[PDB]
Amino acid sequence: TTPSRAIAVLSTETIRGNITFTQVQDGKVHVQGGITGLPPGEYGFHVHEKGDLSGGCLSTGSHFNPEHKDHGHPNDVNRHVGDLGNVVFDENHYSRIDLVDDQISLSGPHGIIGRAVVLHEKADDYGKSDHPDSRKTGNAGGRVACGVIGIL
């Protein structure tokens, strides 16, 4: 029995959130969640390759990228498996997540169980700016919280 459901918990002095992943549709994952703790705006949100928190958010590695593609927008053909775009915090510093993705999976080569979700300091530019980092990280800046993706 491969899992049908997964969860990542973010927990910092300033940030608390749960992000759940449920395997739905035609090989699709439904990502739902809520986070508090950041001012209104958009913040890079990705599945990074490693669920190693021994060096904090930094040891989670880079964006999960088994297909060896470039950084892009989740609607692009050319993107990392772990590119889920940005999350949005509303004026009460709350973010609801409710999205559907068809690259990430709960099993197989695109499996994310054991990996990390990382919430970033600023907005992901989806691989579409002149900025030097754009094509690898989306210039989303530093890592503010991460949590290992565990079986739910």
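Residues carry their position along the shown sequence, with the first being 1.
Exercise. Do the C-alpha atoms of 104-112 or of 34-42 have the higher average B factor in the entry?
Worked result: Between 34-42 and 104-112, it is 104-112.
Exercise. As stated in the PDB record, which stretch has the larger average Cα B-factor, 44-52 or 122-130?
Worked result: For C-alpha atoms only, the mean B-factor is higher in 122-130.
For this session: Just grab whichever of 93, 96, 63, 69 has the top CA B-factor as deposited.
Result: Answer, based on the entry's C-alpha B-factors: 69.
Exercise. Based on the entry's values, in what third of the chain does the Cα temperature factor of residue 152 lie: lowest, middle or highest?
Worked result: Highest third, going by the recorded CA B-factors of the chain.
Problem set entry | CA B-factor placement of residue 140, once the chain's modelled residues are sorted into thirds | Tercile = highest for this residue's CA B-factor.
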